[PDB]
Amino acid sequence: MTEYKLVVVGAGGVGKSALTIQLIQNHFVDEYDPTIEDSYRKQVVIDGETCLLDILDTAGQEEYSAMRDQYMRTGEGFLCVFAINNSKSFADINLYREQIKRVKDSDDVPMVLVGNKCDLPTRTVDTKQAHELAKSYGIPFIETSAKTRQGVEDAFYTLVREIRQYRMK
């Protein structure tokens, strides 16, 4: 069984852990439990083949931005998450992408842009703006809700497909 190393990154409070826990445990709770660093495992059938996902849920806490290099070296693909009601979190995305590009010394890193909390009516980030950013990076963009599960499997499975393609190069 092929084992994919996924890493979930993005600013504090955008829903990185809620997305991961929805995928792994099929569960959502509204409580705030800010992350130090957590790791999960899940096997899934993607495009008719069983995959094993190793998922690293990272801290958004802004004070430790210089502590990310080790996990960026280790990870194969990255879920870059912002929240659609937090414009600062969308601006932070480019900062994360530049950091991953530097550490891996590459422009071709498997990556998916995720706009989370789409269940909420108070949108401040235009969907077209995010699509355009993802197009400029050459990566997929998926809108998700960890609360309703919209797009959750699509985001993680899409990232697996991006890595699958990368591995065949």
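So that there is no doubt, residue numbering starts at 1 and follows the sequence shown.
The mean Cα B-factor in the deposited entry runs higher for 98 to 106 than for the other of 29 to 37 and 98 to 106.
The deposited model assigns a higher average Cα B-factor to 42 to 50 than to the other stretch when 42 to 50 and 55 to 63 are compared. When the modelled residues of the chain are ordered by their C-alpha B factor, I142 lands in the lowest third. Per the deposited record, the Cα B-factor of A91 falls in the highest third when ranked against the other modelled residues of its chain. Residue-level temperature factors show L113 in the lowest third of its chain, judged at the C-alpha atom.
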